[PDB]
Amino acid sequence: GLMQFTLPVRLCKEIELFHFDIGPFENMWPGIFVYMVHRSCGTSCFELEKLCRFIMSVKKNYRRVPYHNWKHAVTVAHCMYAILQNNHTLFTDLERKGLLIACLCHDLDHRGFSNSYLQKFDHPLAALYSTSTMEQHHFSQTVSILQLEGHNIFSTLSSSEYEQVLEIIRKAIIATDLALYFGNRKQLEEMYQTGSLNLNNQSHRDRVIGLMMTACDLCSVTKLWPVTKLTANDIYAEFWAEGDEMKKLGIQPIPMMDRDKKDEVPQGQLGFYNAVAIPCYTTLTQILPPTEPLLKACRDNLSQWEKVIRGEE
Ligand SMILES: Cn1ncc(C(=O)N2CCC2)c1C(=O)Nc1ccn(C2CCCC2)n1
Ligand SMILES: [Mg+2]
Ligand SMILES: [Zn+2]
């Protein structure tokens with residue numbers, strides 16, 4: 001109970017900032033995550049013996065793919081941590097518990113391929129889950145790991161608290177399906193503009209938690225330009241591998257995924273920032289004002305992508 005995790009001074013200060021990079025040392029990421037749980041949730045939220053065993057089972061069940069990997073897990077969890085710390089009083093005890101765990105687990109056992117590719121390949125998971133295929137798989141993997149002897153980090157909650165936290169996590173992980181993001185944000189925009197947005201409405205909270213999850217998931221675009229730029233190599237490395245596999249099924253992939261159309265990458269980033277990222281962080285800044293630094297960072301990085309095309313880097 002009297003055992004705090006502590007970070008070296010630079011990490012200690014910088015972890016509080018939205019644009020913090022977790023670093024290249026894998027062996028520190030677990031303790032970074034636990035540090036964030038103790039300051040977000042308290043030293044009491046989770047039996048340390050169990051939390052540590054949960055974290056390492058989850059680490060073990062992410063694969064060594066270029067992007068959708070254990071480093072993405074912890075990066076996405078840190079963004080949620082920054083959002084929760086800057087919006088202390090809007091969130092319940094349960095929500096702080098569920099959401100950092102949802103973020104850590106949201107891409108469990110990802111193979112590095114879109115729901116679209118599973119369906120064109122006719123992968124079994126596409127027969128078992130007809131929409132949000134990988135995302136229902138991720139929640140299924142999370143429940144599996146929670147049920148290993150000595151892994152139930154939630155065992156100390158009441159029956160109902162337990163059921164609420166699993167329903168928070170399930171919605172959170174399903175919301176990371178970007179096909180659902182577009183309508184979710186449209187509705188939040190309408191609801192905030194017409195003034196009907198009410199955070200005691202559970203269905204409204206669910207939508208807000210969904211936008212928070214999309215925001216944390218895309219947070220590579222809110223980092224210092226060298227982080228953003230070097231992460232997009234990892235993102236395109238999976239896209240191109242998926243394009244390759246499409247061609248193997250005798251299908252021309254979309255140019256986004258065709259490694260012969262690298263030239264078109266900066267313009268693709270423009271579409272993504274304008275059509276996805278900027279609107280995401282805009283609506284989130286409108287609903288949660290202290291998240292403005294994610295919107296400012298994202299705009300700076302769109303501007304760095306425009307610079308790339310004009311030949312200025
Ligand atoms: C940079 N970043 N971060 C996350 C993702 C992403 O979508 N992944 C991670 C799970 C799916 C991307 C990303 O580059 N997406 C892109 C790039 C090009 N497009 C097209 C759609 C709109 C216009 C062109 N979309
Ligand atoms: Mg995912
Ligand atoms: Zn993700």
# chains A, B, ... in the order shown; residues from 1 in each chain; ligands from 1
call {"tool": "residues_around", "arguments": {"residues": "segment 95-108 of chain A", "least_positions_apart": "2", "cutoff": "9 Å", "atoms": "only C-alpha atoms", "output": "PyMOL selection string"}}
result
chain A and resi 33+36-37+40-41+45-46+55+58-59+61-63+68-70+72-78+80-81+84+91-93+110+134-135+137-139+141-142+165-166+168-170+172-174+176+209+213+216-217
call {"tool": "residues_around", "arguments": {"residues": "segment 288-294 of chain A", "least_positions_apart": "4", "cutoff": "10 Å", "atoms": "only C-alpha atoms", "output": "list in words"}}
result
residues 17, 18, 19, 79, 82, 83, 84, 85, 86, 87, 90, 208, 212, 215, 216, 219, 221, 222, 223, 277, 278, 280, 281, 282, 283, 284, 298 and 299 of chain A
call {"tool": "atom_distance", "arguments": {"atom1": "atom CA of residue 150 of chain A", "atom2": "atom CA of residue 50 of chain A"}}
result
5.9 Å
call {"tool": "residues_around", "arguments": {"residues": "residue 279 of chain A", "least_positions_apart": "6", "cutoff": "10 Å", "atoms": "only C-alpha atoms", "output": "VMD selection string"}}
result
chain A and resid 182 185 to 186 189 273 285 295
call {"tool": "write_last_selection", "arguments": {"atoms": "N, CA and C atoms", "output": "mmCIF file, in the first residue's frame"}}
result
data_model
loop_
_atom_site.group_PDB
_atom_site.id
_atom_site.type_symbol
_atom_site.label_atom_id
_atom_site.label_comp_id
_atom_site.auth_asym_id
_atom_site.auth_seq_id
_atom_site.Cartn_x
_atom_site.Cartn_y
_atom_site.Cartn_z
ATOM 1 N N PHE A 182 -17.427 8.494 -37.306
ATOM 2 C CA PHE A 182 -17.970 9.606 -38.138
ATOM 3 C C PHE A 182 -19.362 10.041 -37.665
ATOM 4 N N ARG A 185 -19.315 11.433 -33.852
ATOM 5 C CA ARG A 185 -18.907 12.853 -33.805
ATOM 6 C C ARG A 185 -19.999 13.733 -34.416
ATOM 7 N N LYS A 186 -20.571 13.397 -35.588
ATOM 8 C CA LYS A 186 -21.707 14.188 -36.149
ATOM 9 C C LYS A 186 -22.735 14.443 -35.027
ATOM 10 N N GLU A 189 -21.590 16.836 -32.311
ATOM 11 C CA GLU A 189 -21.589 18.193 -32.911
ATOM 12 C C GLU A 189 -23.033 18.719 -32.802
ATOM 13 N N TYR A 273 -5.918 14.168 -41.870
ATOM 14 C CA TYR A 273 -5.983 15.305 -40.918
ATOM 15 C C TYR A 273 -7.291 16.082 -41.119
ATOM 16 N N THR A 285 -12.403 19.459 -28.153
ATOM 17 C CA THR A 285 -12.019 20.739 -27.490
ATOM 18 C C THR A 285 -13.297 21.509 -27.126
ATOM 19 N N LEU A 295 -5.712 19.600 -30.095
ATOM 20 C CA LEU A 295 -6.127 20.296 -31.351
ATOM 21 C C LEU A 295 -4.975 21.173 -31.865
#
call {"tool": "select_by_dssp", "arguments": {"residues": "segment 53-297 of chain A", "states": "alpha helix (DSSP H)", "output": "number ranges by chain"}}
result
A: 53-61, 70-86, 93-105, 115-121, 124-128, 133-146, 159-175, 178-193, 202-217, 225-248, 265-272, 278-287, 292-297
call {"tool": "atom_distance", "arguments": {"atom1": "atom CA of residue 35 of chain A", "atom2": "atom CA of residue 211 of chain A"}}
result
24.5 Å
call {"tool": "closest_residue", "arguments": {"among": "A:286, A:4, A:131, A:252", "to": "residue 197 of chain A", "atoms": "only C-alpha atoms"}}
result
A:286
call {"tool": "residues_near_ligand", "arguments": {"ligand": "ligand 1", "cutoff": "9 Å", "atoms": "only C-alpha atoms and all ligand atoms", "output": "number ranges by chain"}}
result
A: 67-68, 112-114, 176-178, 217-221, 228, 231-232, 235-236, 239, 255-257, 265-277
call {"tool": "write_last_selection", "arguments": {"atoms": "N, CA, C and O atoms", "output": "short mmCIF file (atom, residue, chain, number, x, y, z; two decimals), in the first residue's frame"}}
result
data_model
loop_
_atom_site.label_atom_id
_atom_site.label_comp_id
_atom_site.auth_asym_id
_atom_site.auth_seq_id
_atom_site.Cartn_x
_atom_site.Cartn_y
_atom_site.Cartn_z
N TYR A 67 3.08 -1.30 -35.99
CA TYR A 67 2.32 -0.17 -35.42
C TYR A 67 1.37 -0.62 -34.32
O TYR A 67 1.46 0.01 -33.24
N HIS A 68 0.48 -1.57 -34.60
CA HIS A 68 -0.60 -2.05 -33.69
C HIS A 68 -0.02 -3.02 -32.65
O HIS A 68 -0.42 -4.21 -32.63
N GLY A 112 -2.38 -6.63 -37.62
CA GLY A 112 -1.91 -5.52 -38.46
C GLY A 112 -2.72 -5.33 -39.72
O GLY A 112 -2.18 -4.74 -40.62
N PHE A 113 -3.96 -5.81 -39.77
CA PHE A 113 -4.84 -5.74 -40.98
C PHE A 113 -6.24 -5.22 -40.61
O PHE A 113 -6.79 -5.49 -39.51
N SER A 114 -6.82 -4.47 -41.53
CA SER A 114 -8.15 -3.83 -41.33
C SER A 114 -9.25 -4.89 -41.28
O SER A 114 -9.02 -6.01 -41.78
N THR A 176 -13.40 2.41 -30.77
CA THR A 176 -12.12 2.55 -31.50
C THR A 176 -12.25 2.06 -32.94
O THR A 176 -11.29 2.19 -33.68
N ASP A 177 -13.40 1.52 -33.34
CA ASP A 177 -13.69 1.18 -34.76
C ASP A 177 -13.97 2.48 -35.50
O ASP A 177 -15.02 3.02 -35.32
N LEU A 178 -13.03 2.98 -36.29
CA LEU A 178 -13.18 4.30 -36.98
C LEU A 178 -14.44 4.37 -37.88
O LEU A 178 -14.87 5.50 -38.21
N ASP A 217 -6.63 7.22 -29.60
CA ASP A 217 -6.16 6.23 -30.60
C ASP A 217 -5.35 6.94 -31.67
O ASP A 217 -4.41 6.32 -32.15
N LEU A 218 -5.75 8.14 -32.11
CA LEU A 218 -5.10 8.84 -33.24
C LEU A 218 -3.96 9.74 -32.73
O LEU A 218 -3.43 10.55 -33.52
N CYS A 219 -3.58 9.62 -31.45
CA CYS A 219 -2.79 10.68 -30.78
C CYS A 219 -1.37 10.78 -31.35
O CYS A 219 -0.70 11.78 -31.05
N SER A 220 -0.93 9.83 -32.17
CA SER A 220 0.37 9.96 -32.89
C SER A 220 0.43 11.30 -33.64
O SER A 220 1.52 11.84 -33.73
N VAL A 221 -0.70 11.82 -34.16
CA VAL A 221 -0.76 13.11 -34.92
C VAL A 221 -0.70 14.31 -33.96
O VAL A 221 -0.61 15.41 -34.46
N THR A 228 5.58 12.08 -34.81
CA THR A 228 4.43 11.97 -35.73
C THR A 228 4.90 11.36 -37.06
O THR A 228 4.26 10.42 -37.59
N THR A 231 6.29 7.64 -36.60
CA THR A 231 5.11 6.73 -36.41
C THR A 231 4.36 6.49 -37.74
O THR A 231 3.90 5.34 -37.95
N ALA A 232 4.21 7.49 -38.61
CA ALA A 232 3.52 7.28 -39.91
C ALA A 232 4.28 6.27 -40.82
O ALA A 232 3.64 5.65 -41.71
N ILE A 235 2.85 3.23 -39.57
CA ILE A 235 1.42 3.11 -39.98
C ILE A 235 1.41 2.66 -41.45
O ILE A 235 0.71 1.71 -41.75
N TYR A 236 2.22 3.26 -42.31
CA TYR A 236 2.23 2.93 -43.77
C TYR A 236 2.83 1.54 -43.99
O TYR A 236 2.45 0.91 -44.97
N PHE A 239 -0.11 -0.65 -43.71
CA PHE A 239 -0.99 -0.36 -44.87
C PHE A 239 -0.44 -1.06 -46.11
O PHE A 239 -1.18 -1.80 -46.77
N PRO A 255 -5.16 3.31 -53.28
CA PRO A 255 -3.80 3.86 -53.37
C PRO A 255 -3.07 4.10 -52.03
O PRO A 255 -1.85 3.97 -51.98
N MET A 256 -3.84 4.47 -51.00
CA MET A 256 -3.41 4.61 -49.58
C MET A 256 -2.49 3.44 -49.19
O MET A 256 -1.50 3.69 -48.49
N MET A 257 -2.83 2.23 -49.65
CA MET A 257 -2.24 0.94 -49.23
C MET A 257 -1.31 0.37 -50.31
O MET A 257 -0.76 -0.72 -50.10
N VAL A 265 1.67 10.00 -50.45
CA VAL A 265 1.54 9.84 -48.96
C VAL A 265 1.22 11.20 -48.33
O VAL A 265 0.19 11.33 -47.66
N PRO A 266 2.06 12.25 -48.47
CA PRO A 266 1.75 13.55 -47.88
C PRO A 266 0.32 14.04 -48.17
O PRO A 266 -0.31 14.47 -47.22
N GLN A 267 -0.16 13.91 -49.42
CA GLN A 267 -1.55 14.29 -49.81
C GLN A 267 -2.56 13.41 -49.05
O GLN A 267 -3.57 13.96 -48.57
N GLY A 268 -2.28 12.10 -48.87
CA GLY A 268 -3.12 11.16 -48.07
C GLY A 268 -3.25 11.59 -46.62
O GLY A 268 -4.38 11.57 -46.06
N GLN A 269 -2.14 12.00 -46.01
CA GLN A 269 -2.08 12.59 -44.66
C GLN A 269 -2.99 13.82 -44.61
O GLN A 269 -3.73 13.94 -43.65
N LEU A 270 -2.96 14.69 -45.62
CA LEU A 270 -3.82 15.91 -45.68
C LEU A 270 -5.29 15.51 -45.56
O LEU A 270 -6.01 16.10 -44.73
N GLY A 271 -5.71 14.54 -46.37
CA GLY A 271 -7.09 14.04 -46.35
C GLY A 271 -7.45 13.55 -44.97
O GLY A 271 -8.48 13.99 -44.46
N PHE A 272 -6.59 12.73 -44.38
CA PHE A 272 -6.76 12.13 -43.02
C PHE A 272 -6.86 13.22 -41.92
O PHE A 272 -7.78 13.17 -41.09
N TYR A 273 -5.92 14.17 -41.87
CA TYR A 273 -5.98 15.30 -40.92
C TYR A 273 -7.29 16.08 -41.12
O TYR A 273 -7.99 16.35 -40.11
N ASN A 274 -7.65 16.41 -42.36
CA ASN A 274 -8.84 17.28 -42.64
C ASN A 274 -10.14 16.50 -42.42
O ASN A 274 -11.07 17.08 -41.80
N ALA A 275 -10.19 15.23 -42.85
CA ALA A 275 -11.43 14.41 -42.82
C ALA A 275 -11.62 13.70 -41.48
O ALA A 275 -12.80 13.35 -41.20
N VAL A 276 -10.55 13.48 -40.70
CA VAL A 276 -10.64 12.64 -39.46
C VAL A 276 -10.14 13.37 -38.21
O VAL A 276 -10.94 13.56 -37.31
N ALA A 277 -8.86 13.69 -38.17
CA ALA A 277 -8.11 14.12 -36.97
C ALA A 277 -8.60 15.49 -36.51
O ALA A 277 -8.94 15.60 -35.29
#
call {"tool": "closest_residue", "arguments": {"among": "A:120, A:21, A:111, A:154", "to": "residue 44 of chain A", "atoms": "only C-alpha atoms"}}
result
A:154
